[PDB]
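Peer 1: One structure coming up, written as structure tokens, with questions to follow.
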Amino acid sequence: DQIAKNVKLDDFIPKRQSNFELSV
Amino acid sequence: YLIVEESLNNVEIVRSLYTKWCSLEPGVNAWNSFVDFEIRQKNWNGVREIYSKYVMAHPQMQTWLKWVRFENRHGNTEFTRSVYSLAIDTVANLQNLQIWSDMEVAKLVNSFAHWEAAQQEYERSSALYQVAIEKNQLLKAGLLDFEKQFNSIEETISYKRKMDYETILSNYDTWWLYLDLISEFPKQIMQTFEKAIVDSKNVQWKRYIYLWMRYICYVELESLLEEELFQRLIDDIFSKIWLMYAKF
Amino acid sequence: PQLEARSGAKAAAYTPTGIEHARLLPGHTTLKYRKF
Amino acid sequence: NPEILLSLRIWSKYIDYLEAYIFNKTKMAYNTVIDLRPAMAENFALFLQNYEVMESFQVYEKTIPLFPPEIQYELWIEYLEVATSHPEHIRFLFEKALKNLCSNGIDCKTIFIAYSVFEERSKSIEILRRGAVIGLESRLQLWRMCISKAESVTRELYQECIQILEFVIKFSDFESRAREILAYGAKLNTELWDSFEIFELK
Amino acid sequence: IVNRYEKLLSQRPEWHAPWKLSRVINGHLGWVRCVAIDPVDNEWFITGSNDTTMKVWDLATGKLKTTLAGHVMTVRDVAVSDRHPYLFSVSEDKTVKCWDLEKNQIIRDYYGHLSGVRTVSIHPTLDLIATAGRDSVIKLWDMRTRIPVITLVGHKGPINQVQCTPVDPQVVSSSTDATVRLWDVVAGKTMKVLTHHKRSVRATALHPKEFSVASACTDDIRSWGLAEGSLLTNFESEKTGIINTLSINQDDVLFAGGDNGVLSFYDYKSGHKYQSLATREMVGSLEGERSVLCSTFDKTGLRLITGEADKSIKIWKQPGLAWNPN
């Protein structure tokens, strides 16, 4: 659980790949 | 870590760790290891879930096969069938090309068919193959195989058709073969024959003559058509053919 | 031998020395700018 | 259970007993054995007790599934048996077999010849030619077959053979244009010279 | 997963025009391993090299304006400033020099780097530059008082590109440790350490209008908004060469140069590679040499300038490729 907390899935995931109109 | 856990023989923690690992879209190898671990443990409740998760994470047909294999190893026949259906459903669902190769789907289909055959009811296999055909070469091959395993006449017909197609692709001998196939729906066959004739130096001429003869024979079996053929021949321009026409 | 090649350099921060380097001496205090 | 352990002989024995001896039951047993996993034996049984081709076909399919050199051989045997028993379907089967064993090593040429024969009973000739082209002893056999076919288009076949590969000399002899052939043979020979001399004389 | 792939398939990228070679200016007698343009104007662009020189170039003509001979060893990087008429340059002689452009002559050699200094970035807003070398440290300089103000310890190996943004994430380093860092100059520390690369991220560049920073290890071009310090996208850079350059265009047309010399272009944010360009070299030169070492666009964005190892500088003028993900 602790290990999981330490390293999360969304880190690996690019955020733009889902939403393109999304711009920083 | 896993090996340490195993050594210790505290298993809940190990399981948790495995779960954590598998949430990070890790390698197929990791998933396999997890599966193995699960198998080693007494319970077969949760293993299925993990397999499903793996499948979701790795859209790969080998994964599906592996899952099925586990099912087979397990006592339940229904479960395996269900799994197969799910696999098929998933493949169907993505119509858009977001997919493992069309060889893999075909393979899966074949496997399913085989399973069905092993089971009591064959109609199901046939249905599956029909479905496959509806949604290519590989699929056709699989269907043929299924038919062979098993309708027979239909399979034979299909094979013949395939052969004819191949011949056409390759393209006098081929033409002849095609004609034969057609002869062996009737209207369609006739049309095909006509097409072949249309398509159709000395050797070439001979072939053409043969085709003409065949056409004449067909007509006989079935006068205007014959006349038309004769006219065409004349335009193209033999003596023997003319004589035959006269006789007719 | 000790006539040897290498693997990596360095960058470690100590207390400053307070030495009056020649180049460090003031010069070009005025910075220029662009027009806009 | 098997995996855990990690019978066949017993099963085989049972099958044999059944064969010796109801027929339907025996067949079922055989099928079961196959599933668990001889093929030749099964085929023989089918031929004997059932006079049934379906069984033979099934056996052939099983053999194919099993798949190896021995398996290939078995399949070939089955095909031969089928042919003996009793066209398009047969041709298709032959083609499939060929595809399976493109360069098996053992008796590709023979297989090709068989196929040709079946066809005969132009296509055969074509098959022979193909074998000659796509296929040392085996190759030689194929060439011979092609030549035979030609003898039975022929010229074209001969030319093809020559291109693929002595062969030239043979072609020249067959022909006996002849002079040209002889010359060609010479360029790419004891009997060839003799032939040339003869030509000159005439 | 199927949920993401499908989404990706559904979404489409914009048709960026392709790129064709226009100008080639064989003038340097060495690699041309730096290139830069004026923020203010786009008349000239200078290019530091293994010559030791750096040469200035008029874009329109392609003609060599003038040379500058203020280094000993080879120039690794330069940076003309928007806010001042200074050109910073930096060479493996350990010198971060500063050329006035009113007189084309060095002024303030900044001293402090223990060894060969790889890159400069002038801060867009401050009167402060930032340099980093094989030192494994990125020092910031007060340009007036020509002293390193702060230094940034974090990294564990040589540090290549070190871009400066105007926000809080004021420096965007990029090492051979394959971390790319986001720093807080004011805190004297890191803020977020993007570790997502496998190898030496030997290229990185800030997006002009979009507050993000493409970065390139041996293959995978990541690109990220540095507000949080969070990944934005992964580009289709699957079997392309060792990415040397990673310039971004105004119109979201990220360029990547390789050690192969295969000029690869991509739509930015999409992560869609939409062109490859085969390199070229001179009849005398060898086929292994040709490789885009340094590159950058103009402020408009219609001309990409690539310094290639042919001792050349190639400027590039302008049906898109099909998608197909994994």
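Ideal geometry is used to build each Cβ from the backbone, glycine not excepted, and the neighbour counts take in all protein chains shown. Throughout, read-outs are computed from the coordinates displayed, never taken from laboratory work.
Peer 1: Do you know which residues across the stretch D:105-132 are of a type in the set (S, T, N, Q) and in contact with a helix residue (DSSP H, G or I) (Cβ under 6 Å, 6 or more places away or on another chain)?
Peer 2: D:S116, D:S122, D:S124
Peer 1: While we're here: Filter the stretch B:141-187 down to the residues that are in contact with an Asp or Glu (Cβ under 9 Å, 6 or more places away or on another chain) and not in a helix (DSSP H, G or I), then identify the one that is farthest from D:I125 (Cα to Cα).
Peer 2: B:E184
Peer 1: Can you tell me how many residues in the stretch B:214-241 are of a type in the set (V, I, T) and within 14 Å of B:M190 (Cβ to Cβ)?
Peer 2: The total comes to 2.
Peer 1: Out of the residues in the stretch D:19-29 that are assigned to a helix (DSSP H, G or I) and either of a type in the set (A, V, I, L, M, F, W, C) or closer than 19 Å to D:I77 by Cα (or both), which is farthest from the other protein chains (Cβ to nearest Cβ)?
Peer 2: D:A20
Peer 1: From B:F185, B:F230, B:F248, B:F193, grab the single residue that is surrounded by fewer than 12 Cβ atoms within 10 Å (Cβ to Cβ) and either within 25 Å of B:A141 (Cβ to Cβ) or hydrophobic (A, V, I, L, M, F, W, C) (or both).
Peer 2: B:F185
Peer 1: Another one. Can you find a residue that is in contact with a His (Cβ under 6 Å, 6 or more places away or on another chain), more than 14 Å from chain C (Cβ to nearest Cβ), more than 26 Å from E:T151 (Cβ to Cβ) and surrounded by fewer than 22 Cβ atoms within 10 Å (Cβ to Cβ) anywhere in the stretch E:35-58?
Peer 2: Yes, the stretch E:35-58 has at least one match.
Peer 1: Please work out which residue is nearest to the chain's Cα centre (by Cα), limiting yourself to the stretch E:186-203 and to residues that are farther than 23 Å from A:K8 by Cβ and buried (at least 21 other Cβ atoms within 10 Å of the Cβ).
Peer 2: Checking each candidate, the answer is E:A203.
Peer 1: Specify the residue that is farthest from the other protein chains (Cβ to nearest Cβ); the eligible residues are those in the stretch D:34-67 that are of a type in the set (S, T, N, Q) and crowded, with 20+ Cβ neighbours inside 10 Å.
Peer 2: D:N43
Peer 1: Anything in the stretch E:264-302 that is hydrophobic (A, V, I, L, M, F, W, C) and either more than 20 Å from the chain's Cα centre (by Cα) or more than 16 Å from E:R33 (Cβ to Cβ) (or both)? List them, or say none.
Peer 2: Residues satisfying the conditions are E:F265, E:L277, E:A278, E:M282, E:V283, E:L286, E:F297, E:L302.
Peer 1: Given the structure, is D:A114 more than 19 Å from D:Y79 (Cβ to Cβ) and either among the charged types (D, E, K, R) or assigned to a helix (DSSP H, G or I) (or both)?
Peer 2: Criteria not met by D:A114.
Peer 1: Moving to a separate point now. Is there any pair linking a residue in the stretch E:1-30 that is more than 14 Å from every other protein chain (Cβ to nearest Cβ) to one that is among the charged types (D, E, K, R) and loosely packed, with under 14 Cβ neighbours inside 10 Å, with Cβ under 6 Å and at least six apart or on different chains, and which?
Peer 2: Listed by first residue and then by second, the contacts come to E:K20/E:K317; E:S22/E:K317.
Peer 1: Residues B:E78, B:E49, B:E38: which one is surrounded by 14 or more Cβ atoms within 10 Å (Cβ to Cβ), of a type in the set (D, E, K, R) and in a helix (DSSP H, G or I)?
Peer 2: On inspection, the qualifying residue turns out to be B:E38.
Peer 1: May I ask you to list pairs of residues, at least six apart or on different chains, whose Cβ atoms are under 6 Å apart, with the first in the stretch B:111-126 being within 22 Å of B:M61 (Cβ to Cβ) and the second being hydroxyl-bearing (S, T, Y) and crowded, with 20+ Cβ neighbours inside 10 Å?
Peer 2: What qualifies is B:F112/B:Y84; B:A113/B:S125; B:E116/B:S125; B:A117/B:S125.
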